[PDB]
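Residue numbers begin at 1 in each chain, while the letters A, B, ... track the order of the sequences.
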Amino acid sequence: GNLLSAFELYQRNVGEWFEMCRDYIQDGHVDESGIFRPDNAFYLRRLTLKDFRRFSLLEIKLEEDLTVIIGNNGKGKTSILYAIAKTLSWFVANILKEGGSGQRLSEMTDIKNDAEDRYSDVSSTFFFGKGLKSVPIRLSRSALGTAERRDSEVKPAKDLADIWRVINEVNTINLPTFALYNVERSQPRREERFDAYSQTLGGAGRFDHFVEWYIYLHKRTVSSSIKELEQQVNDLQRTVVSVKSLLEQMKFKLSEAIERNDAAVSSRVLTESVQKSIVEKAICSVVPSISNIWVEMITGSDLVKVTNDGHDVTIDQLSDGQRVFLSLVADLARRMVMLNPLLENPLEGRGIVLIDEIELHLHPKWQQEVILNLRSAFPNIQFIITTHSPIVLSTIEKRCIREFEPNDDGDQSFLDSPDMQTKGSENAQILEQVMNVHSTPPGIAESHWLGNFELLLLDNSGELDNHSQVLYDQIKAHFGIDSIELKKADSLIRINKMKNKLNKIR
Amino acid sequence: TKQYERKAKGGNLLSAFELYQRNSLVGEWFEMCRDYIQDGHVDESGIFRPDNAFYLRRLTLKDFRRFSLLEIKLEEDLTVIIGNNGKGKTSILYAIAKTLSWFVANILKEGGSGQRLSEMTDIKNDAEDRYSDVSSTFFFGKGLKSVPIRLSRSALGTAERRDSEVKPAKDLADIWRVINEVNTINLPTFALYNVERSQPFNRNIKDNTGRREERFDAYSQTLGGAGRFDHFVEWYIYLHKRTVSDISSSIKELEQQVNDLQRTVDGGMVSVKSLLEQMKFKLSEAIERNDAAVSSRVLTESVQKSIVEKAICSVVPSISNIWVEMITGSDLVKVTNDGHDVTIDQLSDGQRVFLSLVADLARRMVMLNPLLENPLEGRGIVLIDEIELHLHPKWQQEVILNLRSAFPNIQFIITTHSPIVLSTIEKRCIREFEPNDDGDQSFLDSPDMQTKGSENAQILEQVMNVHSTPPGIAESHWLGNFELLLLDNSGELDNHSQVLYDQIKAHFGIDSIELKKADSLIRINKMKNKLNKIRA
Amino acid sequence: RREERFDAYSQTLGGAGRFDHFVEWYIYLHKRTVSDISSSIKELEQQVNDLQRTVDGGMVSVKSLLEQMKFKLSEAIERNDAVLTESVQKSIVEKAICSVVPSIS
Amino acid sequence: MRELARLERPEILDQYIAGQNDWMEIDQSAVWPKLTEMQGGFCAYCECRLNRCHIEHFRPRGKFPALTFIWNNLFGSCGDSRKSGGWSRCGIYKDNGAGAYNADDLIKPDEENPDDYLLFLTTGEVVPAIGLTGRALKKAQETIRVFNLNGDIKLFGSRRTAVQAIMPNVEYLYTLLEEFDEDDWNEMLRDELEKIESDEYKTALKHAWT
Ligand SMILES: Nc1ncnc2c1ncn2[C@@H]1O[C@H](COP(=O)(O)OP(=O)(O)O)[C@@H](O)[C@H]1O
Ligand SMILES: [Zn+2]
């Protein structure tokens with residue numbers, strides 16, 4: 001079942017080959033959990049970076065569902081996402097237009113500064129079912145002022161994107177979603193299906209765009225044959241003062257019906273009411289502590305309201321963290337609905353979504369919840385995310401985690417999983433075992449007092465001498481009578497007293 | 001008068017200054033004012049400490065935004081505001097910044113106006129009195145224990161207007177301005193760093209009009225929220241060019257050119273007289289600038305450069321060196337980041353944002369404190385929103401310590417939601433912000449638990465009300481359930497307890513903390529039972 | 001705020017007027033008038049009455065629409081029953097404009 | 001760190017000779033079972049559970065080519081040089097991280113008892129034992145520095161966690177000194193110390209119990 005061969009036969013000639021291509025893309029099944037699963041999944045399998053920014057050579061194997069990249073500042077987590085996004089730009093460009101050009105590596109910044117061979121390579125391998133097990137793409141750039149230029153190799157991306165484009169032109173199909181949400185998400189004509197690809201790989205997830213869009217959809221969906229509608233409009237026109245508002249509404253409905261009728265097969269779309277419902281469900285399912293979202297006009301101004309932790313509040317009552325996250329989910333849902341019109345649940349569509357610093361502006365409370373329901377709401381999306389949060393990591397399986405060693409001088413060949421299981425683990429353990437940070441701040445003297453106290457007790461055969469008493473009093477004074485530190489000190493005294501008594505009973 | 005003389009001799013700064021202004025013993029009163037501002041001592045740690053400290057003591061908000069009444073006491077050194085509701089935390093910083101605008105305006109210009117409260121956004125919507133007040137009290141040594149300032153605004157059409165009361169702030173700022181005019185003094189730094197500081201860096205940097213060299217450019221956009229990292233880059237490149245160049249060589253060259261041109265005019269070439277006059281003007285200007293620079297008692301460009309470089313490298317952990325490279329007729333600032341030489345535009349967002357904050361702050365301090373051996377030991381008030389923005393946990397554990405060590409006399413007022421940051425700060429410095437459904441709150445409380453030197457897990461639970469394990473994961477409850485099963489079956493592993501034990505072992509692993517705790521529970525309960533049998 | 005009474009003095013002697021402020025204020029008035037259910041009930045009652053007359057006049061094609069509107073009316077009545085100053089203000093201004101401006105009805 | 005009982009020399013070390021042969025040539029699966037007998041699947045220096053592991057020359061092969069196929073010089077260390085990653089304690093750190101050291105002033109755990117030099121505080125640190133001066137202090141201080149027995153956060157964190165987990169059981173046993181008679185209590189302490197042969201970080205757990 002080779003898809004490229006089937007498509008080549010289709011192009012040269014014919015109905016049989018078309019149907020084979022269409023079935024390869026569209027066929028799927030509903031699993032035991034009631035979730036639609038494409039028979040031919042699409043995901044990024046492998047990424048290799050050669051002399052790219054800090055990396056002399058880096059190889060990464062990605063999970064089909066969720067990969068979380070962790071490490072210190074300046075380890076290249078953002079660089080990795082950038083590399084992937086530029087590759088994905090070639091698919092998007094060619095879905096939109098034959099021979100469309102994606103993005104390219106910078107000759108100023110993207111070549112490693114001390115690369116002897118003054119060029120950079122980003123090599124990606126994609127998987128699309130057993131018919132197309134390997135789709136290799138390479139983006140290359142030679143440094144500025146080099147005589148010899150290295151060519152990018154993008155034809156496989158173009159070939160695959162051509163299949164999506166051409167088959168869609170004849171008969172509407174579901175399309176993959178590609179989106180990047182970077183840290184800039186936090187910064188303060190009609191609609192058509194392929195607007196879902198507009199600014200998808202930079203500029204997506206902006207709160208203001210959501211609010212505007214949402215109010216717009218509300219106004220349209222407040223308050224069906226064309227001939228019947230034409231007849232109703234004609235009857236209402238003949239009656240026309242009190243029915244004038246109804247006539248205008250019906251004329252709008254007629255125009256919309258004609259437009260839908262006139263609109264091309266490729267640009268087939270769900271009703272605005274359905275779109276609204278799906279986005280609302282997505283938001284309520286994913287976003288911590290939001291159970292409902294709706295538009296009110298009863299003040300006299302258009303206000304988006306939410307039920308947050310059981311209280312109905314204006315969306316401006318949300319924290320910036322919650323707003324930014326709401327914006328991300330809303331934007332993603334909107335694109336999925338536009339690109340997957342033929343699915344019962346359009347959020348079960350295919351795609352690759354990149355998120356930088358998912359915890360951005362989130363209080364610890366909400367960090368504990370954000371990845372619980374992302375995968376539930378978007379089951380067939382490959383998520384590639386970066387985080388600094390041990391709280392986030394406590395909710396994720398170790399297989400999904402790729403960690404940079406703390407002393408990585410940019411040479412190491414593979415990113416690997418942590419040795420300890422993170423999901424369900426204590427944050428203190430994740431800090432030490434996965435993030436290489438002490439649970440207590442080493443730079444604070446008081447952090448060493450219990451250690452010092454223990455040493456003093458052991459030096460004086462377990463008896464509380466003048467020096468040990470002074471330090472004990474300092475611990476008590478500083479941490480308090482009910483402190484865990486004082487309890488530990490008390491415990492040490494008790495144990496050492498008892499040990500010494502035993503020693504005397506020789 | 002005799003009363004002013006007595007108060008002035010008693011150490012009252014305002015009385016001393018009033019006597020100075022009237023008589024303009026004029027020299028004596030001037031010296032008293034100048035000594036009040038400039039006197040200080042070096043402590044046992046080798047840090048300069050002003051005898052008369054300047055900091056914000058108290059802030060009160062009345063019918064401001066969501067607050068009917070809010071009172072905050074601030075620490076002299078460090079105050080950290082914590083809470084979910086970040087839109088209220090930010091309102092507090094905004095209120096302070098507007099008040100600080102009044103000092104800045106009046107240091108720059110006599111009768112300068114600071115920022116005012118808005119009738120539309122700053123007044124609480126359900127305020128019965130239909131006005132808002134922001135009241136601040138500052139301290140300036142024992143001579144001036146209270147400098148009260150009130151910013152006020154009434155709604156439109158109210159029967160009585162509410163005017164701001166700013167005269168004390170203006171009077172104090174006037175002392176700084178006037179005394180500085182006569183004899184250079186050190187001046188206080190005021191700055192606000194919002195979440196806006198995280199912006200993309202525009203590389204292409206503007207030609208030197210020479211505003212950036214002026215001392216009071218340190219007050220430009222200082223309370224705007226982003227700082228001006230672009231201004232730093234311009235200023236730093238300027239400093240570099242001056243260090244590489246000789247100073248007064250242009251004057252010497254200009255002196256030589258004016259002398260040569262004078263000889264030509266004396267030789268009968270009257271056509272070049274216009275050019276001579278222009279060049280004489282240029283020479284006079286150069287000398288005056290040199291003299292003004294000399295008169296402004298400013299540090300050498302070499303020294304300024306060194307101070308800032310040291311500051312940046314000390315505070316920003318990934319940066320070991322910063323320098324200007326002269327290539328392609330275009331000056332580039334380079335850094336050694338994690339052992340590798342990169343441009344500023346190649347830095348990670350976290351590194352760049354933090355670099356920008358420290359660089360900006362250091363630049364301003366160097367410009368405003370020319371008379372200190374270490375200009376970073378100057379006075380001032382700095383506001384920082386979300387200090388942990390973009391920082392890895394390892395950096396969060398050092399950020400406050402580094403800042404406080406580099407800027408020992410600055411009053412920092414900061415917001416955070418990081419337990420790791422809180423683990424480095426004393427509970428006295430912490431103010432908790434838990435508002436009602438209306439957003440209103442009356443006082444801000446210190447936490448009950450000591451945070452400094454505490455484990456982050458404890459801070460999470462006891463201060464931030466977050467569990468150590470994620471409650472929405474089943475595996476998070478297995479050890480608790482295991483313990484309960486052990487206690488239910490008189491401490492013996494029954495079929496159910498054994499299954500769960502095996503699940504814990506299978507999921508977390510043989511060397512997991514969780515399994516070790518389970519093993520511990522088994523051992524202790526077995527021993528308890530043995531004791532019970534011996535007793536029976 | 002456009003609905004604040006003293007907004008009437010905003011740029012009043014600036015020479016242009018603030019026609020933009022009018023439009024915003026008028027849309028505001030409209031939204032508030034639509035939102036109150038009794039006027040909506042009265043309007044819906046009037047629409048139902050007009051549609052019932054059309055059905056009684058032999059136009060069987062609008063019967064489906066009448067049933068929908070009757071349902072909407074019943075729902076509105078069921079939701080809690082209650083004169084808006086905003087409705088009167090709107091009407092006054094509309095009349096003024098139509099009376100003074102000859103081409104506008 | 002445990003005192004290790006070295007006993008028998010394996011047969012494969014007879015064949016290979018220093019100078020001619022290299023450590024790349026010799027098979028490593030031949031050597032392991034005797035070290036696993038010696039150590040008990042636990043690291044020589046830190047007492048981790050071994051899974052990623054390598055044969056460690058106590059005096060290194062570069063500086064000391066005489067002691068290349070000698071049974072006294074070999075030890076089972078944690079960490080794996082072959083894998084693309086940074087390991088920061090024991091065998092790997094002794095070479096790369098620690099850098100400059102005198103080999104003579106280190107605890108060789110087959111020859112010497114560690115217990116007289118090292119102490120394990122229940123707060124998690126390893127320190128010199130109470131009352132060391134001059135040369136014995138220098139060995140204790142350098143064993144700690146060169147094997148990075150505090151400076152690795154993974155090790156320090158793992159060791160503290162383990163000891164802190166048993167400190168309820170320690171306090172509870174020593175209370176029952178009073179009411180039990182000596183034969184009951186000494187049997188109990190024997191029984192608890194029986195368990196910790198099979199446990200990770202056994203010397204640290206020993207100092208907590210005794
Ligand atoms: N061309 C380059 N040559 C060398 N190092 C580079 C280059 N471009 C960026 N870097 C380095 O890459 C790191 C930034 O990677 P980035 O993805 O921004 O980090 P993070 O993982 O914190 O997001 C820094 O250490 C920076 O010095
Ligand atoms: Zn080891």
Next on the checklist: Using a 3.5 Å distance criterion without hydrogens, assess whether the side chain of B/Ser330 forms a donor-acceptor pair with backbone atoms of B/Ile327.
Outcome noted: yes
Next on the checklist: Please give me the minimum heavy-atom distance between B/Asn208 and B/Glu213, naming the atom from each residue.
Outcome noted: ND2-OE2, 2.7 Å
Item to check | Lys/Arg-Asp/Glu bridge criterion (N-O < 4.0 Å) met for B/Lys252, B/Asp246 | outcome: no
Item to check | Under 3.5 Å donor-acceptor, A/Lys86 side chain and A/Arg104 backbone | outcome: yes
Checklist entry - With a 4.5 Å limit on heavy-atom distance, are the side chains of B/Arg228 and B/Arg212 in contact? => result no
Next on the checklist: Regarding B/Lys305 and B/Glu301, does a basic nitrogen lie under 4.0 Å from an acidic carboxylate oxygen?
Outcome noted: no
Next on the checklist: Using side chain to side chain contact (heavy atoms under 4.5 Å, CB included), reason through A/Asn72 and B/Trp395 one step at a time and then give a plain yes or no.
Outcome noted: CA-CA 9 Å; A/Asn72 296 342; B/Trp395 283 29; 6.0 Å; no
Checklist entry - Any side-chain heavy-atom pair from B/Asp230 and B/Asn202 closer than 4.5 angstrom? => result no
Next on the checklist: For B/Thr243, is there any backbone N or O sitting under 3.5 Å from a side-chain donor or acceptor partner on B/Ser302?
Outcome noted: no
Next on the checklist: One thing to verify: whether B/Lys167 and B/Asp171 come together as a salt bridge, which I'm taking to mean a side-chain N less than 4.0 angstrom from a carboxylate O.
Outcome noted: yes
Item to check | Verdict with supporting geometry, A/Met108 and B/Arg203, side chain to side chain contact (heavy atoms under 4.5 Å, CB included) | outcome: CA-CA 12 Å; A/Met108 284 259 281; B/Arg203 192 198 294 109; 3.7 Å; yes
Next on the checklist: We want to know whether A/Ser140 and A/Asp121 form a side-chain donor-acceptor pair, criterion being a heavy-atom distance below 3.5 angstrom.
Outcome noted: yes
Checklist entry - Just wondering, more than 12 heavy atoms not from B/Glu31 lying within 6.0 Å of its CD? => result yes
Checklist entry - Sub-3.5 Å donor-acceptor pair from the side chain of B/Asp43 to the main-chain atoms of B/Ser45, do we have one? => result yes
Checklist outcome for this item: Here the side chain to side chain donor-acceptor pair (under 3.5 Å) pairs for residues 272-285 of chain B, sequence neighbours left out, are B/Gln262-B/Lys280
Item to check | side chain to side chain contact (heavy atoms under 4.5 Å, CB included) between B/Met365 and B/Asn409, worked out | outcome: CA-CA 11 Å; B/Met365 293 223 58; B/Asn409 297 315; over 6 Å; no
Next on the checklist: Treating B/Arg404 as the side-chain partner and B/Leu401 as the backbone partner, does any N or O pair qualify as donor plus acceptor under 3.5 Å?
Outcome noted: no
Next on the checklist: Assess, by modelled atom type and distance only, whether the side chains of A/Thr146 and A/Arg118 contain a donor and an acceptor separated by less than 3.5 Å.
Outcome noted: no
Checklist entry - When the ring planes of B/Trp176 and B/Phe140 are compared, do they come out parallel, tilted or perpendicular, using 30° and 60° as the limits? => result perpendicular
Checklist entry - When the aromatic ring centroids of B/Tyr36 and B/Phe17 are compared, is their separation below 6.0 Å? => result no
Item to check | Side-chain heavy atoms of B/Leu389 within contact of B/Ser198, under 4.5 Å | outcome: yes
Expected list for residues 312-323 of chain B: side-chain donor-acceptor pairs under 3.5 angstrom, two or more places apart:
unit_1, atom_1, unit_2, atom_2, d
B/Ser314, OG, B/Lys310, O, 3.1
B/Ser318, OG, B/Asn337, OD1, 2.9
B/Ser318, OG, B/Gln351, NE2, 3.3
B/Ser320, OG, B/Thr336, O, 3.3
B/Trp323, NE1, B/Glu325, OE2, 3.1

Checklist entry - Which heavy-atom pair separates A/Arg141 from A/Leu105 by the least distance, and what is that distance? => result NH1-O, 3.0 Å
Checklist entry - Taking the side chain from B/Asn369 and the backbone from B/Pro375, do they hold a donor-acceptor pair closer than 3.5 Å? => result yes
Item to check | Given B/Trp235, B/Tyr236, B/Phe201, B/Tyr193, the one that forms ring-ring contact (aromatic ring centres under 6.0 Å, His included) with B/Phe229 | outcome: B/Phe201
Item to check | A/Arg54/A/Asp408 salt bridge by N-O under 4.0 Å criterion | outcome: yes
Checklist outcome for this item: Shortest non-hydrogen pair, B/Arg352 vs B/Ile344, comes out as CD-O, 4.0 Å
Item to check | N/O donor-acceptor pair under 3.5 Å between B/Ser24 side chain and B/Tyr20 backbone | outcome: no
Checklist entry - If only atom types and distance count, is the side chain of B/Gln346 paired as donor or acceptor with the main-chain N or O of B/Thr343 below 3.5 Å? => result yes
Item to check | B/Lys7, NZ atom: more than 12 neighbouring heavy atoms under 6.0 Å | outcome: no
Checklist entry - Can a salt bridge be assigned to the pair B/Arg263 and B/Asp266 using a cut-off of 4.0 Å between side-chain N and carboxylate O? => result no
Checklist entry - Is it the case that B/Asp349 and B/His390 place a side-chain donor and acceptor less than 3.5 Å from each other? => result no
Checklist entry - Checking B/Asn106 side chain against B/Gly112 main chain: does a donor-acceptor pair fall under 3.5 Å? => result yes
Checklist entry - Do you know which two heavy atoms are closest between B/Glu76 and B/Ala53, and how far apart they sit? => result OE2-CB, 3.7 Å
Checklist entry - Does the gap between the ring centers of B/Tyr4 and B/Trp29 come in under 6.0 Å? => result no
Next on the checklist: Treating B/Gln304 as the side-chain partner and B/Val366 as the backbone partner, does any N or O pair qualify as donor plus acceptor under 3.5 Å?
Outcome noted: no
Checklist outcome for this item: Shortest non-hydrogen pair, B/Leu192 vs B/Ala97, comes out as CD2-CB, 3.9 Å
Item to check | Shortest non-hydrogen separation from B/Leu276 to B/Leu261 and the atoms involved | outcome: CB-CD1, 3.7 Å
